[PDB]
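Report on the following structure.
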Amino acid sequence: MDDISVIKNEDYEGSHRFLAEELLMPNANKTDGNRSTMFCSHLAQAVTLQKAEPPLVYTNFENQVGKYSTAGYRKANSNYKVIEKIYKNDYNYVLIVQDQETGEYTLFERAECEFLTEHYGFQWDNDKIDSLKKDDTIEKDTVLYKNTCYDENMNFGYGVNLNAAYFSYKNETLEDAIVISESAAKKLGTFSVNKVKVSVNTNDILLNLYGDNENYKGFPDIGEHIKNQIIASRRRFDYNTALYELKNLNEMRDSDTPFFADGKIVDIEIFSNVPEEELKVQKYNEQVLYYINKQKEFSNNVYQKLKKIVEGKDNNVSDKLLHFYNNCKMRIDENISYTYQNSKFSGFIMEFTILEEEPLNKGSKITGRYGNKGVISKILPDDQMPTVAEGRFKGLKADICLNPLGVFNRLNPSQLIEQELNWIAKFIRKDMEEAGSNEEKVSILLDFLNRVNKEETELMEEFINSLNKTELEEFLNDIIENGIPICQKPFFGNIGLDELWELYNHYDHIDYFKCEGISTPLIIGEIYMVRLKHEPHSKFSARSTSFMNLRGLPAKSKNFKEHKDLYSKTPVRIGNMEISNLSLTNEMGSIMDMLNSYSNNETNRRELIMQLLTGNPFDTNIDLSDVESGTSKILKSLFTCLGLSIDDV
Amino acid sequence: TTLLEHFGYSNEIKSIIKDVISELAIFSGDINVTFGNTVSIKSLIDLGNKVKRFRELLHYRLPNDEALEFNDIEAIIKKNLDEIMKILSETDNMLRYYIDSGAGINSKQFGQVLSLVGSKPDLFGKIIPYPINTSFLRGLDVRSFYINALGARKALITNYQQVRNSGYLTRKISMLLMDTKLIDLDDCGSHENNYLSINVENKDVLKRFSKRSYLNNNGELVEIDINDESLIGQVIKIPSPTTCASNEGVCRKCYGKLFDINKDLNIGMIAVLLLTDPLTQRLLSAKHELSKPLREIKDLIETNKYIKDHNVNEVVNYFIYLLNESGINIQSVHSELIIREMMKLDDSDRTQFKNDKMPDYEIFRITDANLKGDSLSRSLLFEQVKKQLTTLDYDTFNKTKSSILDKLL
Amino acid sequence: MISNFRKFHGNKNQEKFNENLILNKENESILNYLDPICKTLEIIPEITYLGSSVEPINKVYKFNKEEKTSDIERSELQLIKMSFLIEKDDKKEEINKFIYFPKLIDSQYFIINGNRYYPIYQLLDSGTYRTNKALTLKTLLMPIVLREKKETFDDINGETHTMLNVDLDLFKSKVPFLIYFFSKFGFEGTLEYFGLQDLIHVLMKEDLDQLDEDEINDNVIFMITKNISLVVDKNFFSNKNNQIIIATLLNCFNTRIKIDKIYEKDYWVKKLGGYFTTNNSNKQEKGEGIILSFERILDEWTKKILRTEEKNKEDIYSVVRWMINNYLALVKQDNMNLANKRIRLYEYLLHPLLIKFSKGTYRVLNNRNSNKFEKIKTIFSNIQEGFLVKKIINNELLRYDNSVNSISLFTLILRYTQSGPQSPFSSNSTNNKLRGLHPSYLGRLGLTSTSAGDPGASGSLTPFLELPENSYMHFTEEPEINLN
Amino acid sequence: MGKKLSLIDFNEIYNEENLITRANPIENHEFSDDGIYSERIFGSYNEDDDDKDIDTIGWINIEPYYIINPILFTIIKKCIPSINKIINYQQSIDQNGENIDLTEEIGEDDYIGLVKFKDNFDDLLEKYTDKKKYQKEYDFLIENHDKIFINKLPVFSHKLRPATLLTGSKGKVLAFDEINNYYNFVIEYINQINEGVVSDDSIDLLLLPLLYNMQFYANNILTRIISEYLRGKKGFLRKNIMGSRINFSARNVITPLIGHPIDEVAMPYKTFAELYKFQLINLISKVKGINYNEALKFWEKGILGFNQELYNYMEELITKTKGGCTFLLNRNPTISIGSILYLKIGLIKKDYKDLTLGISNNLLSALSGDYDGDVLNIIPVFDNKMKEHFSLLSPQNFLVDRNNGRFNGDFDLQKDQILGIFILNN
Ligand SMILES: [Zn+2]
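Protein chains in written order, with the entry's author numbering: chain C, 1 to 649; chain D, 107 to 394, 511 to 631; chain c, 1 to 484; chain d, 1 to 426.
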């Protein structure tokens, strides 16, 4: 279009206002549109990493997006003074502070982890806030806490750099398969938080799952870890069945209702609608009574502490302060009934929030910064993995081996650029290690940086001139032990082929890594990695015999959402081409027999279970009747009630 | 393949073939660990240092000093890509085996990455006036960046509609074709004039007509030889299921030598599936020019105007020509079987067909043809059941016939 | 340390994002946008809107025993009170109503029912869009549509003019704009209103004959009816848009006409009514009623948002004049340039309230055997304090928080969805062109971040975009074409 | 063959026990035993112990005045156009009123109501008969005097009918599907006829329009209960009858595997434990020797956390079975030849957390899948005869090309192995 003629490179020269997402991915100048789109979606799909690190090759914008984003920390809006501190439970507490200048009061709080949505969440590094004590001035830029994505100095971390090499492994890296060592997988640790609530009415009772007779606890305490993937269970009491079923309370009965989860208890919240007298005469409700007393004591203390503030009209408070205080005042007062989901309940409802770490599961996904997705196929002991054992770098090991089938088909030579840049950086690190005097080693360091990025080299030279001698030495120590960072602009100022050409021409000491026993001298380099969310556990439905619908047919249920089922267990349905392809074989009677035996015919399925349960486990000799299926009978009802009829032949 | 011939098409040889295939795969696996296959551009850089021809080839741009036409830029990019592949194969490098074997390397993407990118079409399918002079490795232009983004969004939209298509045609084509069966009988005993005539224009039709028989000068049905060339430019009669005189099903004569292979499975179901898969894949890839013949094939099967305007020999020859245009290759026997299902005649008996003059040979729409089918069990399982049950237009009250799905009800 | 250097070098960067754009959501105030939602009730004279105000949340609980009930589903809402007035039989009633709205949290979030919802920008058009053959204007009440048609007319000697008329099709009826002005100000008030009075003259057949040929060589004649005939300057008729005006005027050249009918405004009131309803008695009444309704078409919000000169938007008549005086140029406009588009975030939220209030005001439009006092009392009763949030959660104006990690400025704060409420997006081929990208997007919209679920449905704005101030969040304060 | 259409006479069909009488569905906060929500005849919604089946059919008397059947009515409208007007009784001023006062008499055929039209049905058909167009319809009417008028009206099972009694926030709302709605009107309407015991002309002047609405609602019933119950893919005729749900099934995500022949595949421990639950329960009952209930307890403990003994049990089970415990693997959506595979279990994965299904690489092309995240479905097979019948679905059968009779390219070596063998050879 003429607008296509309108846009000029001179208009946008030396500015990145056009590019939005690839601001986080280096060297977008060489990649294709599909890959960029994939990367943008992945960055929408990134997950928290326990061992998060800042990438080696950076584009000056990670710090920006981190600083501007406000869902990962809490910066005090102005300088305040803390007046008091209270603690609800062992792992959480609240801070009452006052504005230094405005004279207004404000709340803060801590918790071990934050619940984002369903499974997803993250653990909170509350070191800074916990270091604070009473009667201490807080500063405007002080951050009370932060997620693990943020480093000591607010450096953004959404992935980690791993050693990688291009290599095909036992025809097992076919398609997008990725193989990783055990240590690296141990690194890609990710948190997960779940919230689950249980209701106890007057009928159902709990069980002493945890502990002896004296320590009746149906659910693990705060320090305890949930055992056997079960939090609690309830028995449906009946007046008649009080002589057999209610017996042996310590052991669970077959027909009960358990709850399923994993991790460690992080926090507990109970809502009770029953008078406390019953709880007092309830032995199987001692734990809930104890927790209720603890919570009530907390609320009493907070109300007593904040009464002097709230009743003082002259004082200025945040709406948050008033809302919280009114909530506690609601809690302490009597005759306060709770009506969940616009309906009163009986007994109580209690909610557990739980946190747990996961390592990498065989079958998860990892992608770089250019959409090079994949699936973790198999994981190995690192000794059983290609290593280089020659020269200065003898004994180097590569954690992951990507698929070298083809990068040219995926249209993104940028990964190779990053890899060879980092490998060259490794070699430079070795060279500067070989250096003896500080002046000459910093000279060669800035020489290389100038070969790759002159302006960032100028900034380094300003910094090193700024640094004092001993600090300067500590800095070179950090370089030799970590590495050297490289700045790489997304679209304007990045490297091209010619600079790499010049580098290899001048760097005649560069040489292929000669791995042991491997015929070709492969290449090892650092690449950034980020782990996605799509896990094999998310689609794992498997059913044997669950609740049938009104039509006497299989149907899904709501137990899984309420955490009553370990696995999802939602049945599969056979469709058009399914019956078609099954009828590709000339066994229509056989297909009908299978359909009747599985779901359609009640009598046939029952006789299948009967025959199959007993008899030889190794040999199953089924016998089928000829009773009319339920589907045929209900269709007969359809026709007869329509005025239609049934008449074979 | 040839092994399966000297050993009688037994089950044991099939088992041993599976075993040897698996073992060969495992051996390739161990050899592939113990031999490296890594890739990096340092190989390219060193090659360019060694060979100046490759060096200047990668260092090239369009001569924009003159106006360049679309065909000219396509020709120049084609010649450059061929030169790249030729020089890469000629010289030793860490990717020589890659391009010689051909696994994991696409010529087009390679030429796009190293040589210049070339022009791209607009979302509506128009070439841009300003082709991308640069190449993916070298860099990009902001305008080129916009062009690439537009192309990617076009691909995404096309993928969305392609998935939304949902594979609907296979539903009805299978639902109609699935009832077809086979009957073990030596010869339908059809008339000589019942054999349909086909003219030969290229070897492709001979490929379409393997494992079958043609009447010779003596009229004997001798096996057709695809390698044979004496059949060029000749109209000859061939047996077919659409003309078979067996009322129970299809005789082994019509199915040719292929019959013995297929006795296990529903012949019609293989025909329908083996047709619907590559055709849909080709149509979907083309949508991702050549698409127009595919739509023509869909119309010929569906709209039925050409059938209403012509005769069975003409329609089958057109179908063969369309199959050739589409690029997919399937045995003509299955096509003739789809035509056999397509058939419609006044007297359900095929014995009249064995006489000198065949009865009326009309063919209708695929949905109409299925709804025509006198067996009501398959009709109800179709769509448009409303008019079938509440109206008397389709005389569904009248119609009655046995079928496989009739047991399913 | 490495971290020290990284932080310093990130600080030294010169390229920064737009800070006020990030915190833009805090800038919006509901009271200002709510005011016109109250004002649109003023179509019926009975309501007298006084004003609305946000109630403070300053209330503090005190211990009491009212068997009160508290619920776990947490929602953070503030109360807003509107005050309207009515006066009947010398007695007055000040009606006061209250509603709940969610509050901003974390400087961008809403908490309703113990769940976290986030509002996002919505993309729409500025006004005066082009589709089919018809020029249109998008207004919250009813989009104004003008549709053109060819016409051929033969002059005294038979001179044929292929020549295009723009009829106005509003209120479910094709009613030309010239007859609106022509009932309003008369034929001569109509002609002088555009300043084109002098160029146009009209005479009866004998008076047409006495007109000298010099006038013909200066004015092309347009015969009205077998007797009457108008004349327009040839130099004036040179302009194509002038041809369009003369064309709609030719459409006014109805077959049945008398000189006194040309010289009475009540006649055209009856004509307008007959277009609305053929009933002779209703012709006058319905003509007047639709006159005031057509005045109601304009709303202060639309006048504010429109980039036209205020003299061209003083009243709705001036608006239509501006549209048809420039019709051909406004037909030629880009359908994708963002200067034609705009972003809205606090408007659609009150839209369900607008619909309910419009329903009430429409019940007041069809008032019959109902005292105005009791009518207003009944109308200001269906609204419920929880109705606003209930409608919002029903119609999914907010989106359920689907985040997975802390990064939020690049998939929550800057996420726009082109579709939404009051939106024309569907599976159409032209909507397929909507999924297509446009070069004007460059540097103001993320051009490569569409959702793979539905291409082009939603995207991310670039952080380097700076929207002009005092343009109601217009990407460009000037229109796409300035009509120079 | 199959289930044949015939509007067989209801009188010899109908049974006295199923004739419903007029009563409101609810009664004193309990379903009435005489209305449509009867428990006497008609099942119990919450309880499935009802010995009588869901296919019981309810029934409504209209013997006093016979009514044309709705099913043939559309056909009737074909044979005689606008019979809806003939049965539409506007010729009345006592209660209907003067109204338009101008109508199309059409030889006084119109506005005679249902009873007169039934009386002169043959004459009206002779008046409206096309020997060239409507002759076939008129012939099919000829073969069907007995079925045109229907004396009994049936009603679906309330257990089949999804209609429920919800407790709406405003109050207890009987949230019925629309079906019984018209049915209720119908029975309520028929109430008037059995209400109209007293005889008087003006009553018949109102009774005949009641019959008009009777037929109108009958046509409403047929059209409505065919709109959704047996139409479209939501309809019952395609959602269940051809294919339905399966109770012994699972689905998983595939990952590559080596060191085994192409046919062998491995399954995650958890899904194998769930699929063959009853085989293991049988073996554990035999070996432990105690009743099956404690065996079920042990199996629960086994699926809860990893156990060595239970793994040994499944290893014995795979080793000693006749067919090797084979299954069906199908790839949604199956649109290619052999898109279903008959595979045999070879090894149980020991690692508890592993949940992916191993599969040999060479089967990727035949089933048209990729390791990117596809979800594939597994159906176990139990009967030995079934094993033999599905042996034709084994990949060894698909090894031969049913197209050309050569070695199949989908089982040919894939990319990486092609490369490796090339290195070995060349
Ligand atoms: Zn034959």
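From the three backbone atoms N, C-alpha and C, an ideal C-beta is built for every residue, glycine too.
Roughly how many whole angstroms lie between the Cα atoms of residue i and residue j?
i                 : j                 : result
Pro-413 (chain C) : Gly-103 (chain C) : 58 Å
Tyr-45 (chain d)  : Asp-53 (chain d)  : 12 Å
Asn-366 (chain c) : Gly-274 (chain c) : 20 Å
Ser-195 (chain D) : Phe-160 (chain D) : 12 Å
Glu-455 (chain C) : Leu-446 (chain C) : 11 Å
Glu-471 (chain C) : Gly-208 (chain D) : 55 Å
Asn-330 (chain d) : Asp-410 (chain d) : 16 Å
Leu-243 (chain D) : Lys-148 (chain D) : 13 Å
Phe-390 (chain d) : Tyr-118 (chain c) : 54 Å
Here's the rule I'm using: 16 or more other beta-carbon atoms within 10 Å means buried, otherwise exposed. How should residue i be labelled?
i                 : result
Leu-292 (chain c) : exposed
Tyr-400 (chain c) : exposed
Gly-289 (chain d) : exposed
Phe-492 (chain C) : exposed
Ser-346 (chain C) : exposed
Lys-124 (chain D) : buried
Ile-289 (chain D) : exposed
Could you check if residue i belongs to the surroundings of ligand 1, using beta carbon to heavy atom distance under 7 Å?
i                    : result
residue 90 (chain D) : Outside the shown range of chain D, which is 107 to 631, sits residue 90 (chain D), and nothing can be said about it.
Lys-359 (chain D)    : yes
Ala-351 (chain D)    : yes
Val-356 (chain D)    : yes
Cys-294 (chain D)    : yes
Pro-536 (chain C)    : no
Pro-515 (chain D)    : no
Thinking just about the alpha-carbon of each residue, which of the options is nearest to the one in residue i?
i                 : options                                    : result
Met-1 (chain C)   : c:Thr-255, c:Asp-334, c:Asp-299            : c:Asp-334
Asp-416 (chain d) : C:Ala-177, C:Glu-433, C:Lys-533            : C:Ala-177
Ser-70 (chain c)  : C:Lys-134, C:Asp-333, C:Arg-429, C:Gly-157 : C:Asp-333
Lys-12 (chain c)  : C:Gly-14, C:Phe-61, C:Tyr-12               : C:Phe-61
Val-97 (chain C)  : C:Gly-66, C:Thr-59, C:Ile-138              : C:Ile-138
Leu-461 (chain c) : c:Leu-409, c:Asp-209, c:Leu-50, c:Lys-240  : c:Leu-409
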